[PDB]
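Heads up: take any position in the sequence shown, counting from 1, add 136, and you land on the numbering used here.
The C-beta atom is built at its ideal place from N, Cα and C for all residues, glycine as well.
Accompanying notes for the structure given below.
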Amino acid sequence: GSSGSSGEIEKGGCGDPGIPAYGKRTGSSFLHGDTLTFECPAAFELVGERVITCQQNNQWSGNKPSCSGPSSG
Numbered sequence: 137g138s139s140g141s142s143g144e145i146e147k148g149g150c151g152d153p154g155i156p157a158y159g160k161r162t163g164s165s166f167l168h169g170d171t172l173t174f175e176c177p178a179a180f181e182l183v184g185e186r187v188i189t190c191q192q193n194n195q196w197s198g199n200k201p202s203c204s205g206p207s208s209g
C-alpha cells in the first residue's frame, strides 16, 4: 500500500430527514456522500428506498422508507 489523498475542509450536509417510526436507521450523522440505510423486524416488508444517497443539495434523492407486509415463508 501507499499514501493517499490529503486535505482538510469543512462540509455541509443534506439535512435532518429524521427517522421513520416503522424501522431503525443507521447513521445519525448526514454528510455529503453519506448513505443512510434502514431495516425492519419480522412480520414486516420493506416499503420504499432501502438506502438513499445524499445529493449535496440540501436534499435527499428519496424519502425515508417504511415497514409493512406479511411474512416470507
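**Report entry** Identity of the residues DSSP links to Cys-203 by a beta bridge
**Finding:** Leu-182
Query - Rounded straight-line distance, which links the Cα of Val-187 to that of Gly-148 - result: 20 Å
Report task. Please report how far the alpha carbon of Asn-193 lies from the alpha carbon of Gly-159, in whole angstroms. Result -> 25 Å
Query raised in the report: Hey, out of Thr-171, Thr-162, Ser-202, whose CA is closest to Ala-179's CA?
Result: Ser-202
Query raised in the report: Is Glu-175 near the ligand MN, going by C-beta to nearest heavy atom under 7 Å?
Result: Ligands are entirely absent from the displayed structure, and the ligand MN is therefore not among its contents.
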